[PDB]
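In: Part one of the assembly, not moved from where it sits:
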Amino acid sequence: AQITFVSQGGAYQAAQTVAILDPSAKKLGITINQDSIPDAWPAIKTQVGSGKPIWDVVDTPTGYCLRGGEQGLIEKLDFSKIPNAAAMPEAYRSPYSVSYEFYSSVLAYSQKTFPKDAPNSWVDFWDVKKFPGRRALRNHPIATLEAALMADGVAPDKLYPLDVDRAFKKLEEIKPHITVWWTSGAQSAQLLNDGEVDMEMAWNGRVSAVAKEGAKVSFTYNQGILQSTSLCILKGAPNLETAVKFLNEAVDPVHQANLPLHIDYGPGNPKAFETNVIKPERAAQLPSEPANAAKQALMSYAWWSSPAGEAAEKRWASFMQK
């Protein structure tokens, strides 16, 4: 018995392997074959459309599960066969997916440049007079638009539906003060590590990893953008039954709880915190810890997976080729 499981590789997938994949395989008595890809969406469309996908279970940003679900590419899950998922709050799942882990886009900064009074909101990030320094943002509209709108005074809990015109105007304002628009996590970490930028939006796991390596940098969860990936199963998956069994083990509280032990991302399953696996100190550094989550804007995957999301993506090229 076997499945093919795909995620984003790197430290993140190594972490998953120790905390989730190996224990599940042993518990279930199955072989979990792995693959990795930066962005699964184009491949999903192709694999599913063929009628014979090679992938069973995909770990992907949650909005793709919704979009794939809505377009008939992804299995409607039968939760009475996935009790660990069924027991999670309904906000942590969709008809097509279950939350797997939480990550943040955050305002990261150099402690050399800002030993005191670091920028602490997108308002600050946009204020090049009050907080001088080289800046970077991600070459992608996801989270970037949210940051622009908060920079323009929008409360973290009143972002959606995004006022995309408003967001782009703000981005155009900051553009001449943006040193580079990063394309990869590794690049965003290198920019902080070598001092090319004094502040930037970056995924929290990249920042903490490079700080662990020795870099004098840090970040704040204040006005962070709280996001997640989810597990889903491709329509036509060659090992549907075994995939379904795996989904249940993948969101097991203890397995979930071991994930933060190897990488700075929060468990998809909130019951993870009650396993007594995570040290209090470690728990307090996680993106999805209640106290950290309340400082952040919760990304709306309903918005991003809709036609407004797509339209915003299509505008991004126009904004960049500018």
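Out: Yep, it's here. Numbers count the residues shown, from 1 in each chain, chains lettered A, B, ... in the order given.

In: what about the longest strand in chain A?
Out: strand A:217-233 (DSSP state E).

In: Who are the packing partners of that one?
Out: strand A:57-61, helix A:62-70, strand A:97-110, helix A:144-151, helix A:204-213, helix A:240-250, helix A:290-293, strand A:297-298 (3 or more C-beta pairs under 8 Å, 6 or more residues apart in numbering; DSSP states H and E). All C-beta spots, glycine's among them, are computed from the backbone N, C-alpha and C.

In: Show me what it pairs with in its sheet, parallel or antiparallel.
Out: Strand A:217-233 has its sheet partners listed here by DSSP bridges as strand A:57-61 (antiparallel), strand A:97-110 (antiparallel), strand A:297-298 (parallel).

In: most packed of the ones you listed?
Out: The highest mean neighbour count among the strands paired with strand A:217-233, using mean count of other C-beta atoms under 10 Å, belongs to strand A:97-110: a mean of 27.

In: Could you point out the helix or strand that follows it?
Out: helix A:122-125 (DSSP states H and E).

In: Only the buried residues of that next one, if you could.
Out: By 16 or more other C-beta atoms under 10 Å, the buried positions in helix A:122-125 come out as A:122, A:124-125.

In: Can you tell me what sits against it?
Out: A:107, A:119, A:130-131, A:135, A:147-148, A:150-151, A:153, A:174, A:199, A:201, A:223 (C-beta atoms under 8 Å, 6 or more residues apart in numbering).

In: contacting residues for the residue nearest to residue A:195 when sequence neighbours are not counted?
Out: Counting by C-beta to C-beta, 6 or more residues apart in numbering, residue A:110 is the residue found nearest to residue A:195 once chain neighbours are left out, at 6.7 Å. Residues in contact with residue A:110 (C-beta under 8 Å, 6+ apart) are A:133, A:192, A:195, A:197-199, A:216-217.

In: is residue A:110 in a bridge, and if so with what?
Out: Residues in beta-bridge contact with residue A:110 (DSSP bridges): residue A:217.

In: Please tell me how far it sits from residue A:200.
Out: 10 Å (C-beta to C-beta, to the nearest Å).

In: Identify the contacts common to the two.
Out: Here residue A:110 and residue A:200 have residue A:192 as joint contacts, going by C-beta under 8 Å, 6+ apart.

In: coming back round to it: any of the contacts of helix A:122-125 buried? List them.
Out: A:107, A:119, A:131, A:135, A:147-148, A:150-151, A:174, A:199, A:201, A:223.

In: Specify which member of those is nearest to residue A:6.
Out: Closest approach to residue A:6 among the buried ones among the contacts of helix A:122-125 (C-beta to C-beta): residue A:201, at 26.2 Å.

In: Okay, that closest one and residue A:172: tell me how far apart.
Out: 17 Å.

In: Equivalent analysis for residue A:14, please.
Out: From residue A:14 to residue A:172 the distance is 39 Å (C-beta to C-beta).

In: extra chain here, label it chain B:
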Amino acid sequence: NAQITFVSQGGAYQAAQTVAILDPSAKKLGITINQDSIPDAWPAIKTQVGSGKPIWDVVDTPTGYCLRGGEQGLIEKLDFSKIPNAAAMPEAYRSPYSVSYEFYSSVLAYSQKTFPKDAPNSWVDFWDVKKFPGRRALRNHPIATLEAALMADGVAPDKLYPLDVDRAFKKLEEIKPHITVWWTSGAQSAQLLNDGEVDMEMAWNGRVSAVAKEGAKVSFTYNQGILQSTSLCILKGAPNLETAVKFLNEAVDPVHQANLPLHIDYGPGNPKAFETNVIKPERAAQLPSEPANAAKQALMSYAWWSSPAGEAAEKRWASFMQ
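Out: Alright, chain B goes in next:
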């Protein structure tokens, strides 16, 4: 507690490295190995090393890039008096800047549904559309592709270098109208075999074996395969040089190395692995660098590919496609 960051290509391959090599090495040495992944490391290595403060220590990459990189001052000249295991390897398995890590092959893969009895068995067959009818795929890339085209034109695997590049392109022009798809990712090449979009293709042996093990009625031959390898090297200015040198020595340990093909269909970079008695005869017989399989194959010349003529050949690909 000392650490390094090790970078490879992710997916099943990096997971196998972790079980066979990284975990046991980290345990033996008493260090933490932080992992990262990237399809092509070199643009990043240039940027990282150029900054003087690289975040990566050790990179696993196709051997030819180690030669190019070492020549450009991007990776460390290795002191083999500190790497006993590497020093004990034959000189043809290392360079001043790298040590062979694992062997893989580009092979003629084919559908068993299409060829139940008389499957194509050479690039000559691959080019013979009348004799072996069917949809075909090749990689959108000059490496290995040029070699196969020359072998199709009757050139013996061990007489390829220096490559007759005009001759290879002429032969490729001939087949071009019969190519259904020029693939760009390993996963794509697997999907093509799995859903029957192609009846035969060049593909990395690891991708074929994987989709076959998943249930696909497909297979491949090592005959006229292109035998290749990746090597480990250390970034110039690596933050954890000393630890990284120590890891390199554990990484090419006969035993650790002999364990790699227990987990994936690739050959050990260190041929001493075959003298360890961990790889059973039946299993070795399936590996790219097993003596009898190697004898059927073209051994890629990284000296040729990394030379001015190799660069010129690469630059011509761009205009050959489109």
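
In: try the contacts of residue A:110 again now we have chain B.
Out: A:133, A:192, A:195, A:197-199, A:216-217 (C-beta atoms under 8 Å, 6 or more residues apart in numbering or on different chains).

In: Over to residue A:309?
Out: A:63, A:303.

In: Wait, a strand at it?
Out: No - assessed with DSSP: H, G, I helix; E, B strand; the rest coil, residue A:309 is helix; it does not lie in a strand.

In: any idea how far it lies from residue A:77?
Out: 23 Å.

In: Residue A:311 too?
Out: Distance, residue A:311 to residue A:77, using C-beta to C-beta: 29 Å.

In: the more surrounded of those two?
Out: residue A:77 (22 against 10; other C-beta atoms under 10 Å in any protein chain shown).

In: residues touching that one, list them.
Out: A:85, A:93, A:95-98, A:232-233, A:244, A:247.

In: Likewise for residue A:195?
Out: A:110, A:112, B:53.

In: Let's see that with 10 Å instead.
Out: Residues counted as contacts of residue A:195 (C-beta atoms under 10 Å, 6 or more residues apart in numbering or on different chains) are A:110, A:112-113, A:134, A:215-217, B:51, B:53.

In: quick check, nearest of those to residue B:272?
Out: Nearest to residue B:272 among these, with distances taken as C-beta to C-beta, is residue B:53, at 36.1 Å.

In: my guess is that closest one meets residue A:194, correct?
Out: Yes - shown here, residue B:53 and residue A:194 form a contact pair, counting by C-beta atoms under 10 Å, at 4.4 Å.

In: got any residues that touch both of these two?
Out: Residues touching both residue B:53 and residue A:194 by C-beta under 10 Å, 6+ apart: residue A:215.

In: and the stretch 101-250 of chain A, which residues reach chain B?
Out: Selection of the stretch 101-250 of chain A residues close to chain B by C-beta under 10 Å from any C-beta of the partner chain yields A:184-187, A:189-196, A:206, A:209-210, A:212-215, A:236, A:238-239.

In: Return the members of the residues you listed classed as buried.
Out: A:185-187, A:189-196, A:206, A:209-210, A:213, A:215, A:236, A:238-239 (16 or more other C-beta atoms under 10 Å in any protein chain shown).

In: ok, the closest residue to residue A:179 other than its chain neighbours - how many residues close by?
Out: Distances taken as C-beta to C-beta, 6 or more residues apart in numbering or on different chains put residue A:134 closest to residue A:179, at 4.5 Å, once the chain neighbours are dropped. Applying other C-beta under 10 Å, we find 17 residues neighbouring residue A:134.

In: try residue A:179
Out: Residue A:179 - counted by other C-beta under 10 Å - has 15 other residues nearby.

In: you'd agree it is in a strand?
Out: Yes - counting by three-state DSSP, residue A:179 is located in a strand.

In: on that earlier part again, adding distance to residue B:290, write the contacts of residue A:77 out as a markdown table.
Out: Shown next, in a markdown table, are these (distance: C-beta to C-beta, whole Å):
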| residue | distance to residue B:290 |
| --- | --- |
| A:85 | 45 |
| A:93 | 48 |
| A:95 | 49 |
| A:96 | 45 |
| A:97 | 43 |
| A:98 | 43 |
| A:232 | 40 |
| A:233 | 37 |
| A:244 | 39 |
| A:247 | 39 |
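
In: next one is chain C, place it on the structure:
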Amino acid sequence: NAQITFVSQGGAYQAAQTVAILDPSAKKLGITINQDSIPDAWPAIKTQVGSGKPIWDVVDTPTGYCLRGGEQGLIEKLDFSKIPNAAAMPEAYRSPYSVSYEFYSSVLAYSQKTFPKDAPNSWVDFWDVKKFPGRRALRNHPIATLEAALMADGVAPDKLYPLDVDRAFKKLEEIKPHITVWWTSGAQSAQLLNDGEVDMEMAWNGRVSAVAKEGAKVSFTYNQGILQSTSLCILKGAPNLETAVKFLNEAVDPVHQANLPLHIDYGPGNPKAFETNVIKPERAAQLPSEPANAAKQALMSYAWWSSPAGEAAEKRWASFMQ
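Out: To build on what is shown above, here is chain C added in:
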């Protein structure tokens, strides 16, 4: 009758080489030296050598390129047992792939009409717009320009490398509004001085010398000049390798070398030229590499410029100029 093709940068410089080095070497060796000229040989060298059949044999080029070239296998590793005049030069004047041919400087040049007395005498003066008012030019290129900026900021000429690139750019951004013209060719730089469009500029000393000979009231100082050189190398695959090797030996013969300064204001690549008694004392005192003159200057580090840090600095220049 044996022959080679010799490539340099044309102009007064190549004319001066012909009289002092080329013709006497050809006559001495009984060969024909066919000449060519190009502003920048690198791109053609890549193309020619990558073809396996270059048309050029011996190239005269800024020393930094020789280093990168040799590493990448574009030029011959020389056998100095066959080039005794070179072998007897101090090791600092040669590489495994090349030999010092000639020394030139980037200097602070200035109008004597504008500065009858108290002319600017350092890059600190050049940056000091209130003390030394007037129109100024710099070269549109990072080489020498960054060093001048660091010296402007108080760095000592013998303590420049490795360059603090950030600091150079910061000083450069400060003078930028005060730069009248960023020149792109030697001839342009001479014309700017000659017609009074600038009152001071960085310029090559040969260009300034020539304009002053024509009668223009201009001069320069060696103080804080950037001392640079070109070297001779042989293309890999040179069609006349043997003859080329013999020419190199004649090219750095002390007497031939000593005659070069008789016809242009550059110093000999071979310091033994000063011992030949060919050059008049008064003339020697005008040369870029005369000891007293060299001591006032920054000695360009071709090791630094040819390194990844140097490449990264060149890549930033584009961003800076726009």
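
In: Once more for the contacts of residue A:309, now including chain C?
Out: Applying C-beta under 10 Å, 6+ apart, the residues contacting residue A:309 are A:63, A:66-67, A:141-142, A:145, A:161-162, A:164, A:300-303.

In: I'd assumed residue A:273 was in contact with residue A:291.
Out: No - if you go by C-beta under 10 Å, residue A:291 and residue A:273 don't touch, sitting 11.7 Å apart.

In: Find the residues that touch each one of the two.
Out: Common neighbours of residue A:291 and residue A:273 (C-beta under 10 Å, 6+ apart) are residue A:283.

In: Which one's more surrounded, these two?
Out: residue A:273 (20 against 10).

In: and that one, what does it touch?
Out: Contacts of residue A:273 (C-beta under 10 Å, 6+ apart): A:253, A:256-257, A:260, A:266-267, A:283, A:286, A:288-290.

In: how about it, phi and psi?
Out: phi -70, psi -20 (degrees, to the nearest 10).

In: From residue A:266, how far off is it?
Out: In terms of C-beta to C-beta, residue A:273 sits 9 Å off from residue A:266.

In: residues shared between the contacts of these two?
Out: A:256, A:260, A:283, A:286, A:288-289.

In: so can I have a markdown table of those showing secondary structure?
Out: Output for these, formatted as a markdown table (three-state DSSP):
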| residue | secondary structure |
| --- | --- |
| A:256 | helix |
| A:260 | helix |
| A:283 | helix |
| A:286 | coil |
| A:288 | coil |
| A:289 | coil |
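
In: give me the residue from the stretch 101-250 of chain A nearest chain B.
Out: Nearest residue of the stretch 101-250 of chain A to chain B (C-beta to the nearest C-beta) works out as residue A:194 at 3.8 Å.

In: count of residues packed around residue A:115?
Out: Residue A:115 has 9 neighbours, counted by other C-beta under 10 Å.

In: correct me, but it touches residue A:198?
Out: No - counting by C-beta under 10 Å, residue A:198 is not a contact partner of residue A:115; they are 11.9 Å apart.

In: And the residue sitting furthest away from the middle of chain A, how far from chain C?
Out: Distance from the C-alpha centroid of chain A peaks at residue A:129, with 31.1 Å (C-alpha atoms, centre = their mean). Going from residue A:129 to chain C by C-beta to the nearest C-beta, to the nearest Å gives 18 Å.

In: same question, residue A:75
Out: In terms of C-beta to the nearest C-beta, residue A:75 sits 48 Å off from chain C.

In: For the residue of the stretch 101-250 of chain A closest to chain B, grab phi and psi.
Out: Dihedral angles (degrees, to the nearest 10) for residue A:194: phi -100, psi 0.

In: Tell me the secondary structure at the closest residue to chain C within the stretch 51-200 of chain A.
Out: Chain C sits closest to residue A:195 of the stretch 51-200 of chain A, with a gap of 7.9 Å, by C-beta to the nearest C-beta. Using three-state DSSP, the structure places residue A:195 in coil.

In: residue contacts, residue A:126?
Out: Residue A:126 neighbours (C-beta under 10 Å, 6+ apart): A:119, A:135, A:147-148, A:150-152, A:170-171, A:173-174, A:177.
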